[PDB]
Ligand SMILES: [Zn+2]
């Protein structure tokens, strides 16, 4: 997954900035009806032209000159940036050390490289439907997390285009909470804690957290299908050798015994469960628990979190419907209403949306559908405004 | 037992007797030193640690039964006592430490005896979210509360008036996965209520404390308050 | 042009007795006795300098209300032209715009601003210090000290060796040194 020729990108942005951007809807979605003064003007942008010359201190008063300059330059990477304490483009006027970042929309990102600890379907630049099963399942848990135990309803979801998916939520006041709260929620959702260094990455303690209960109820509906259908992870020495090396040892030979007398990958896990029923997670009491087996399942499909992007007030990320030149693909709105019907391969690139319009507004092609999610969130905002 | 238990605030600009001034000074300092000693002797929950203190403290005129608005005697004594000793320890970290730490533990103790209804209602009078659940929710959410946290054993959780919260100040009860969640309105036993009360108290208290220490020179032009200027 | 080495110790001047006039004093290498002897230096060409800090509006100075117009360096230059000559009859001047800095006790003005740097010889008299115009906010550099002006312009590090490039001789010696150079 990438782009194949930067030759078209100049003219593509040339037309896009001209007549392919919800400058009305965007000015709205940012300024938020202008309910606050010096609200938009300090809401920052960062722009990146040829050779990736990324530059801070970018902002314009209202939609008109915003457009005019966007079309004057056509930046090739655009980050929305927190409303810092004062005038961004005139930052160096006040006494130094007095310009900082007050209030930021709360951001989240999850990578596909996250799953690379076991991901064997495709590469770091190439994908397939198998890994995308994760981009279909993981978001469900994270979404419903904020949908049922965080008292928010201003959620918005996008897939970057190459690896990550984004969530730029602008909740009533969370836009204006302390970095401490950021780190807090991060710590909260950071359940399976594993990169490429530690093996027993989940020392899940005894008593569960009902959050984890709903997590499980989601796991036993969407993991095993992908696992033993799209991968059949018990296929050769390679995969399960990246598996059995996190396990206690009293039975650690029976699993391989089931490994290499096989014509499928089902009775293996079946006898796994069986011996677990005769295994003792607790030598003390009669609570034979799914600690290790479900740690296995979850860790093999769990949203790996970032420890610095979901707390900092300096990392800025892309704009709604701003092109990712290095995939063609542009920001695709993602919804629970669409999680059951998404495919990454069919959704269009900048090249493809261009060839779409290369045939008045977004009101003709599938871009009006794609921004139905946008204007839907905006509708909710109208309902958010009293 | 008295209204006394309250979060210190709003210096009471009366005008008073010089005698009563130094009296309150000495009294309160005695109480402090004592509490420290009594504490370091035993462990907290021991009933000596209760009996002895609830004897001494009641002896020095600070905790009796119901009376009028604020000009009841012992609450007034507590009030002016603190808001004097404030002028005592504004000249070290070690000092300000010791003072904070001691007042902290005192308030802990002196507060741990109020009747439950008085507890919750005075919390209500304190700030906004300081509000209680309905015990029906105990039945409704026993699974959630018990299985969620390891801070409770079995099914025998007493009839504690559990509390509704904003997560925005739960900043450790939840990130450590120690509580059930209802849209950040987590429900936690009284223990952590005391904890959080005491922590916000420490914070706000230090935040005030530093100010006077940044505003000393006034006393420098008097010498009646020469002992407590820096001589306790 | 000719030149000759010497040293300098004293730096004396006075505004009133004569403005735009400085005096330097020190030692001068002399070959006749193979030593250094007395001499001085008179100095003309002293420049009062101003930094015009602006507003960004045509605000009525008699009621204090904005009106909705930006400011150009041309604009403040115009108000200079037609305010100095309005009450001080500028004979000729020179100026450039510069973006400069300030970090001291003056309210609400920042360390990064527009300024119209206006030079002119000390010949012209001075003004009220906190002066302002209808379009601009203030001007720094009114009560300046010609001495420190020369110093912090030419950046001299205190006592040090010097020589005299382009030395032109004076009208009538009024110092008491065997030699003199203007
Ligand atoms: Zn693949």
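The numbering of chain A matches Swiss-Prot: 1-359, 381-407, in order.
Header lists the method as electron microscopy, 4.6 Å.
Using the three backbone atoms N, Cα and C, a Cβ is placed for every residue, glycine included.
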Recorded Mg(2+) 2 site member, picked from A:306, A:335, A:340, that accompanies A:109, A:111 in Swiss-Prot: A:306
Annotated stretch (motif 'Zinc knuckle motif', per Swiss-Prot) among the listed ranges A:88-98, A:121-131, A:132-142, A:143-153: A:121-131
Integer Cα-Cα distance in angstrom, residue A:44 (active site) to residue A:317 (ribonucleoside 5'-triphosphate binding site): 11
Nearest of the recorded positions (A:1, A:161, A:163, A:324) to residue A:111 (active site), judged by Cα-Cα distance: A:163
Candidate with sparsest Cβ neighbourhood (10 Å radius) among A:44, A:111, the listed active-site residues: A:111
Distant-in-sequence Cβ neighbours of residue A:317 (ribonucleoside 5'-triphosphate binding site), under 8 Å, six or more positions away: A:79, A:80, A:107, A:109, A:166, A:168
Residue A:109 (active site) in three-state DSSP notation: strand
Long-range Cβ environment of residue A:165 (ribonucleoside 5'-triphosphate binding site), under 8 Å and at least 6 residues apart: A:109, A:110, A:135, A:139, A:157, A:158, A:159, A:334
Proximal but sequence-remote residues of the same chain as residue A:163 (ribonucleoside 5'-triphosphate binding site) (Cβ under 8 Å, at least 6 apart): A:111, A:112, A:113, A:124
Cα-to-Cα gap, residue A:315 (ribonucleoside 5'-triphosphate binding site) vs residue A:1 (N-acetylmethionine), nearest whole Å: 24
Distant-in-sequence neighbours of the motif 'Zinc knuckle motif' (A:121-131), which means Cβ under 8 A and at least six residues beyond its ends: 1-2, 112-113, 115, 162-163, 226, 230-231, 343-345
